[PDB]
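Letter by letter, the chains look like this.
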Number of protein chains: 2
Amino acid sequence: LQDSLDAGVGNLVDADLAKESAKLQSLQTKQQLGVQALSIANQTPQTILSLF
Amino acid sequence: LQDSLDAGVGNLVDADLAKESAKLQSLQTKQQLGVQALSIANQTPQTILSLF
């Protein structure tokens, strides 16, 4: 019964790490893509300076 | 919400400078033409001296 209760605790709280590896690599790509998009959005306003 | 309020203040007060460049160049040309027209208007009266 104690082994069953420990297995139930593990079923209740434990994460599935094998899916987390793919989620981690995808988020690591997404964060750099977001940094690049933010850099381009920062660059965008300054083109007005060429008009003067 | 703070970002939305900042965007609304910018929508309210901010100028569109890309039109301002054209307005500035046209206003400079208009100022030069106005100085020329004022110069001719100053010159006009003094032709009376040829009659005497």
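We count residues from 1 along each chain, following the written sequence rather than the entry's numbering, and we skip any residue without coordinates. Chains carry letters and ligands carry numbers; both start at the beginning, A for chains and 1 for ligands, and go up in the order they are written. Readers should keep in mind that the chains presented make up only part of a larger assembly and that every value pertains to that part. Based on all heavy atoms of the structure, the side-chain values leave hydrogens and waters out of the count.

Going by the header, the method for this PDB entry is cryo-EM, and the resolution given is 2.46 Å.

A. Seen up close, the overall build of chain A. Looking only at helices and strands, chain A has two helices and zero strands in total. Values of the radius of gyration come from C-alpha atoms, whereas the globule rule sets the reference at 2.2 Å times the count of residues to the power 0.38. In terms of overall dimensions, chain A is more spread out than a globule: its C-alpha atoms have a radius of gyration of 23 Å, far above the 10 Å expected for 52 residues. Considering chain A as a whole, with its 52 residues, one finds that 0% of them fall into the buried category. Surface accessibility of chain A: about 5000 Å² in total, with carbon and sulfur atoms responsible for 59%. By definition, any uninterrupted DSSP run of H or I lasting at least four residues is a helix, any uninterrupted run of E lasting at least two residues is a strand, and each is numbered from the N terminus. Think of it in three bands: residues with accessible area under 20% of the maximum for their type are buried, residues over 50% are exposed, and the middle band is partly exposed, with areas taken using a 1.4 Å probe on protein chains only. Using a 1.4 Å probe, the Shrake-Rupley method yields the accessible areas, and only the shown protein chains count as cover for residues.

B. Main features of helix α1 (residues 2–13) of chain A. Multiplying 1.5 Å by the helix residue count minus one yields the expected span of that helix. Given a rise of 1.5 Å per residue, twelve residues ought to cover 16 Å, and the 17 Å separating the end C-alpha atoms of α1(A) matches this to within 8%. Judged by how many residues are buried, α1(A) sits mostly at the surface: zero of twelve residues are covered.

C. Representation of the side chain of B:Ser21. By the element assignment, B:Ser21 lies in helix α2 (residues 17–43). Classification of B:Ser21 by relative accessible area gives buried; the value is 7%. Contact between two residues is taken to exist if any of their heavy atoms lie within 4.5 Å; hydrogens are not considered. With near-sequence residues (within four places) excluded, B:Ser21 lies in contact with A:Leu51 and A:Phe52.

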